[PDB]
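Participant: fold the stuff below for me.
(7 chains)
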Amino acid sequence: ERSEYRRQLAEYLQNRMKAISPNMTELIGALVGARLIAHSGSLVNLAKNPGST
Amino acid sequence: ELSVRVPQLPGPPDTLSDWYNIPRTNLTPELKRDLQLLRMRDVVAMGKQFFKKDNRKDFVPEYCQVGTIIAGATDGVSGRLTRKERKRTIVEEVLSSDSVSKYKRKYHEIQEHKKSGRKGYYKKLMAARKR
Amino acid sequence: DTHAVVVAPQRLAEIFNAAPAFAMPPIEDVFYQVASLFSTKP
Amino acid sequence: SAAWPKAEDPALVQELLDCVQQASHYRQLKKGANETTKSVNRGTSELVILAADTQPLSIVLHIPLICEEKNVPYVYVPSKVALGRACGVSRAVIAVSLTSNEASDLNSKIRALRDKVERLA
Amino acid sequence: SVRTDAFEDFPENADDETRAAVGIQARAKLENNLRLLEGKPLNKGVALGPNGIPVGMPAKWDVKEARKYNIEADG
Amino acid sequence: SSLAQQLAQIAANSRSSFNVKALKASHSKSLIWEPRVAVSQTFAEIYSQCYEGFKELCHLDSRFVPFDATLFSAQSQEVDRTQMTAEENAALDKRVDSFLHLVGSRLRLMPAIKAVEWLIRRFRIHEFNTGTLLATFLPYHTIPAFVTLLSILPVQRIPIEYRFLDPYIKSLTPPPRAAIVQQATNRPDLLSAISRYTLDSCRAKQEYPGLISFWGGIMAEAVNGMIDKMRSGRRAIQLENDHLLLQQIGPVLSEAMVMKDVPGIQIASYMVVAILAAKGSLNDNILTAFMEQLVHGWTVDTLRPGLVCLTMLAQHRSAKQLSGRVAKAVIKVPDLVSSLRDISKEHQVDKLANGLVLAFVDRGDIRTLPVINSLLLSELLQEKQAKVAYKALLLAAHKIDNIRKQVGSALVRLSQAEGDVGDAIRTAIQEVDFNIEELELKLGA
Amino acid sequence: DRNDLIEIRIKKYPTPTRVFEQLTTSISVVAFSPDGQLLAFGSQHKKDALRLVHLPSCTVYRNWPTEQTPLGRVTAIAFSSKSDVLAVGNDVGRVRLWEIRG
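Facilitator: Numbers count the residues shown, from 1 in each chain, chains lettered A, B, ... in the order given. Next comes the structure:
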C-alpha cells in the first residue's frame, strides 16, 4: 500500500510540474525539476539564479 | 536467447581479495595527520601509557579504512563519547582532550634547551664584549 | 539571371546524418529535401 | 507593453551606446543576461541597459525585479544588435550592465547617465 | 526556461503545446548539439602496411616476364 | 634492412598459417563466439549452428537455394580454401561476392550474421575477400556487428582505400559518417569502390533501400566536398578541376541515371546531378549532356523527381534554348504544366519553361500547339520571355512556306488571352508594330 | 536589394540581402563593378583587408586574396570601364592591377 501511494504521488508530482513549469518539464522532466524547485525554495527563487548556479 | 557480445577489451591491486576488499588509501592530508598521530601515540599519552615500538620507514600502509566504534551493548553510560566530544578526525580528539598545556610545557622546555647556546647566546656575548 | 547556389556543407551533413542508412526516409523524400536546400527561390 | 522605461530619443540612445562602448574598452562592462543578473545580484552594477527587440521579451523581465529590489537604474534601448556591436561582440546582446569604481571620468559619465535615465522615469 | 515559466504571461486560452514552446525548441536544439558532440570523429592516423611502410605506396619496379607472340612465324 | 623489408612483404602476402599458434589465432577470429570458446570448436559445431542460421535465411528469401548447394554444403564443411588452385579460388571468390551482395539487405538479422560467420570461419572471407565484405558491411557502420567485423579484420589485408579505419580498429568504436565522407572527398578510390559495389549489386537487382540511401548520401556529400575542394579561382586550374571531377564521376552517373529497373538509385543519381548542376559552375554542353541522359533515362516512377532535377539543370544554364530530345521527351511527359506549377511553388521553373517554348517553336510540326498554348497561358514565363516567345512564334509564321491555319488559330487565341500574359502579348504586337487584323482577316477569309 | 525598399513609399526597416562580417575594422572602401556583378570592399586599417563578392549570390570569394597577395593597406580601389581590371592602391603609394577574368 505504501508503494501504491508513492506511485500515485509520483504521478501527482508529474501533473503538478507540467501545470507549474511546462518549459522545464519539457526540458529535464518532473522529478529533476521538482528537485531544483525544492533546493531553491520556490519557482521565482529558482528563476533568480544564473545558469552556472 | 543468444546475443552479440559487447567487446570490452579497452599494476598493483585496488582491493585485497583475501581481506574482503579493503580499499587502497586515499592519502588525504587528514589521513596523513592521523597516521603521523598513530606513529606518535607514545608522545600523546605523555608517559602514562607506552606503546609497541613499531617504526617502519613508511608509516602509511597500503590499505586503510577510517571507521568508528559503534556500541557495546553492555556498557553505555561511560563507554560512550558525548555529542560535544564525537569529533571528526583523531587529531581533533587529541586537541579537544586535556594536557595540551602539558605538550606546550614540554615543547618550551625543549625550545629552551635547544636555544641554550646557539646564536642569541653569542650575540649577547659579543654585545657584552663591545660594551 | 541566376548564379551558382552557395550552401554550407554542414546543412547537407545534417540532412544525411539525421538517421542511419537503414531507417532513413525514402529517397524521394530525401531528394526533395536536398532539392529544396539547393533551390534558388527567394 | 512591458518595456515602460523605454529610451526612444535617438540622442539619448546614442549617449547610452557611446558610454557602453567606453565602458567596454575600460573592461567595466558585463555582457549578457546571465552576467547582467550576476552583477545586479552581487550589487556591483551601476547601470543596466536591456534591449526591447528581444523576440521572447519575457526572458529579460526578471532583471527589472532585481533592479527594483536593489535600486539600480535600468533602461531599454530599441535594438539588441545595436547593443551587441556597441559592446563589440559580433552577436546580439539583449542585456548589458555597466559597473562602477573609485575614481573615473567614466564614473562621472555613469552618474550623469543615470541622472538622464531618472529623467526618463 | 525557468525564467520564461516564472515571468511570461499567457492569454489564458493558451494550449500547453504553445506554453511549452521554449522547452520544445531548447530540447530539440540541445539534442542536436548532443548528437554532434557524440558524432565527433576520432583522430586520423597513418595506416601502416606489413613492412612498416604506409599503405598505398608503390613498390620497386621489376620487369614482369611476359610471353609474347613471335611474329617471325607469319611467313 | 632490405632483407627484413622483403621478408615483411613475404609474410604479409602469405595467406595460410604455418605454425600452431598462428592456426589457433586464425581459427579464434570469429563474429559470434568469444575467442576462448571459438578456439575449441570443430567444423561440425560451427556448421550445425550456422546451418540453422542459413535455414532461417533460406526460408526468409527464396534465392539462397544455389548457395544451399555450393557454399553451405555438408561437403563444404571440409574444403580448405588454401589447397585449391587459382581458378578454383577465383570461382569461390565469385560465389562469395554473389552471396554477400545477396545477404547485404538482411544483415541486421541474426540468421544472416550466422551465415556470414560460417563464411568467415570456414572460407576465411575476412582474409581473402576483405574488399567485398568490408563494402557490404559499410552501410551498417553504426552497428555492433560492424564493430566486431572491424575487430576481427586483419590490418594489412584491408585495401588501401579503406585504411581510414585504422584508428577505429585500434580503439574499437564504430566510425562516423563524417569520417567516411571526408575520406571519400579526399580519396577517389573509396568513392569509386562504394559506387562500384552498389552498381555491381544493382545490375544483379539485389538492391535494398538502405544501400541506395547510403550510396546516394555519401556520393552527394562527397561531390559537395569535392566541388568545394576543386574550386580555385584560377581559370585553367578550375577548368582542369572540372574535367577531373567529371572523369572521376561520369561512368557512375552515366550508369545510375539510365538504370531503368532501379528507381531508387535513379533518384539518388538525380540528387547527385542536382548538386553538381547547382553548386559546381559547369558548362552548357555538360549540362545539356546531363539533361539529355536524364530525359533518356526517366520512368513513370521517377518522373516528378526527374522534372525537379531538370528544372535545376535548365535553370543553371547560360544558353536560352533546350537541345531537341529534351523537348521531345517533355512533349511525351503527361501533365506538363500542372506538374510545373506544382514545382514552381518551390523551385523557379522559368528558364526551363522558356527553353521549352523556344524548342517547341523551333519545331515544322503542328502537334505541339496545345503544349505551346498551355505553356504561354500558364503564367510561368516572365514578361520578356513571353514577349520574345510570341515574337518568335510570329516570325515562324512569317518563315513558313494546313500549317498556317492552326498557326493563326493559336495566334488569335493568344491575342484574345485574358490576363497579364494577354497584356504582354498585345504589347509585343505593338512593339513588333505589325497589325493583328491583317493576319486575322487573312485567316478568317 | 533595392527592390525590397519599395513598400512612393520606402520601408523604414528593410532587411539586408546579406550582412558581411568578414572584415574586423571599419570599412574604408567599397566599389561595385560597372556591370553590377562584383563588389569589392576593403578596410584600410588592416594589412590586406580587401574582399571580393559576387552578385546576386552575395558570396565572398575564398580563393582571392590569399595570404601572399600584395595588397598592402588598401586606400583606394577602382574597377575598369569594361570591368576587366581591378586597380588597388595602398597607403605606401603603389597601384597594382588584376585582370578579372570570369
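Participant: for burial, what's the neighbour tally of the residue of chain C found nearest chain E?
Facilitator: Closest to chain E within chain C is residue C:17: 6.8 Å, counting by C-beta to the nearest C-beta. (C-beta placed from N, C-alpha, C; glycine too.) Counted with other C-beta atoms under 10 Å in any protein chain shown, residues neighbouring residue C:17 total 18.
Participant: which ones are touching it?
Facilitator: E:35, E:39, F:177, F:178 (C-beta atoms under 8 Å, 6 or more residues apart in numbering or on different chains).
Participant: would a markdown table of the residues you listed with neighbour count be doable?
Facilitator: A markdown table is the format used below for the contacts of residue C:17 (neighbours: other C-beta atoms under 10 Å in any protein chain shown):
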| residue | neighbour count |
| --- | --- |
| E:35 | 12 |
| E:39 | 14 |
| F:177 | 21 |
| F:178 | 15 |
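Participant: host element of residue C:15?
Facilitator: Following DSSP states H and E, one finds residue C:15 within helix C:9-17.
Participant: same question for residue F:441.
Facilitator: Counting by DSSP H and E, residue F:441 is part of helix F:436-444.
Participant: tell me the buried residues in that helix?
Facilitator: Across helix F:436-444, burial judged by 16 or more other C-beta atoms under 10 Å in any protein chain shown covers residue F:439.
Participant: not counting stretch F:425-436 itself, show me its contacts.
Facilitator: Contact partners of stretch F:425-436, identified using C-beta under 8 Å, 6+ apart, comprise F:376, F:386, F:387, F:390, F:391, F:394, F:414, F:415, F:417.
Participant: re the thing from before, packing partners for whichever helix or strand comes after the helix holding residue C:15?
Facilitator: For helix C:9-17, the following helix or strand on the C-terminal side (DSSP H and E) is helix C:27-37. Helices and strands touching helix C:27-37, as assessed by 3 or more C-beta pairs under 8 Å, 6 or more residues apart in numbering or on different chains; DSSP states H and E, comprise helix C:9-17, helix F:209-230, helix F:263-278, helix F:303-315.
Participant: report the angle between the longest one and helix C:27-37.
Facilitator: Note on geometry: by axes from the mean of the first three to the mean of the last three C-alpha atoms, to 10 degrees, helix F:209-230 and helix C:27-37 are set 20 degrees apart in direction.
Participant: now swap in the shortest one and tell me
Facilitator: Here helix C:9-17 runs at an angle of 170 degrees relative to helix C:27-37 (the same axes, to 10 degrees).
Participant: just the third one next, same as before
Facilitator: Interaxial angle of helix F:263-278 relative to helix C:27-37 (the same axes, to 10 degrees): 10 degrees.
Participant: what's the helix or strand for the residue most central in space within chain A?
Facilitator: Closest residue to the average C-alpha location of chain A: residue A:34 at 2.2 Å, with C-alpha atoms, centre = their mean. Per DSSP H and E: residue A:34 is located in helix A:30-40.
Participant: and residue G:88, helix, strand or coil?
Facilitator: Recorded secondary structure, residue G:88: strand (DSSP: H, G, I helix; E, B strand; the rest coil).
Participant: that one against residue G:98, yeah?
Facilitator: Yes. With contact defined as C-beta atoms under 8 Å, residue G:88 reaches residue G:98; the gap is 7.3 Å.
Participant: higher neighbour count, these two?
Facilitator: residue G:88 (23 against 15).
Participant: how about the contacts made by that one?
Facilitator: So residue G:88 contacts G:42, G:50, G:71, G:72, G:74, G:76, G:77, G:95, G:96, G:97, G:98 (C-beta under 8 Å, 6+ apart).
Participant: would you list the phi and psi of the residue nearest the centre of chain G?
Facilitator: Nearest to the geometric centre of chain G sits residue G:40, at 1.4 Å (C-alpha atoms, centre = their mean). Here is the backbone geometry of residue G:40 (degrees, to the nearest 10): phi -110, psi 120.
Participant: grab the nearest non-local neighbour of the residue of chain F found nearest chain E.
Facilitator: Here the residue of chain F nearest chain E is residue F:12; by C-beta to the nearest C-beta that distance is 2.8 Å. Distance criterion C-beta to C-beta, 6 or more residues apart in numbering or on different chains; nearest residue to residue F:12, sequence neighbours excluded, is residue E:50 at 2.8 Å.
Participant: what does residue F:229 give?
Facilitator: residue F:185 (6.4 Å).
Participant: let me see the contact set for the one you found.
Facilitator: Listed by C-beta under 8 Å, 6+ apart, the contact set of residue F:185 reads F:191, F:221, F:222, F:225, F:226, F:229.
Participant: can you lay out those as a markdown table showing neighbour count?
Facilitator: Listed next are those as a markdown table, based on neighbours: other C-beta under 10 Å:
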| residue | neighbour count |
| --- | --- |
| F:191 | 24 |
| F:221 | 24 |
| F:222 | 25 |
| F:225 | 18 |
| F:226 | 23 |
| F:229 | 12 |
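Participant: neighbouring contacts of the helix or strand harbouring residue F:11?
Facilitator: Residue F:11 is part of helix F:2-13 when elements are defined by DSSP H and E. For helix F:2-13, contacts defined as C-beta under 8 Å, 6+ apart pick out E:49, E:50, E:51, E:52, E:53, E:59, F:156.
Participant: hey, C-alpha coordinates of the helix or strand following that helix in PDB?
Facilitator: For helix F:2-13, the succeeding helix or strand toward the C-terminus, using DSSP H and E, is helix F:20-28. Output of helix F:20-28 as PDB, limited to C-alpha atoms (Å, rounded to 0.1, in the frame of the first residue of the first chain):
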ATOM      1  CA  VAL F  20      50.300 -24.000 -34.400                       C
ATOM      2  CA  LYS F  21      49.800 -20.600 -32.600                       C
ATOM      3  CA  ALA F  22      49.000 -19.000 -36.000                       C
ATOM      4  CA  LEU F  23      46.400 -21.600 -36.800                       C
ATOM      5  CA  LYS F  24      44.900 -21.200 -33.300                       C
ATOM      6  CA  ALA F  25      44.600 -17.400 -33.600                       C
ATOM      7  CA  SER F  26      43.200 -17.600 -37.200                       C
ATOM      8  CA  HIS F  27      40.700 -20.100 -36.000                       C
ATOM      9  CA  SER F  28      39.900 -18.000 -33.000                       C
END
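Participant: helix F:20-28 near chain E at all?
Facilitator: No. Judged by C-beta under 8 Å from any C-beta of the partner chain, helix F:20-28 stays clear of chain E, getting no closer than 14.3 Å.
Participant: what residues are up against the residue of chain B found nearest chain A?
Facilitator: Going by C-beta to the nearest C-beta, chain A is nearest to residue B:88 of chain B, at 25.3 Å. Under the criterion of C-beta under 8 Å, 6+ apart, the neighbours of residue B:88 are residue B:30.
Participant: quickly find the element holding residue G:96.
Facilitator: Assigned by DSSP H and E, residue G:96 belongs to strand G:95-99.
Participant: looking at chain E, what residue ends up closest to chain A?
Facilitator: Residue nearest to chain A within chain E (C-beta to the nearest C-beta): residue E:23, separated by 3.0 Å.
Participant: what's the local residue count around that residue?
Facilitator: With other C-beta under 10 Å as criterion, residue E:23 counts 20.
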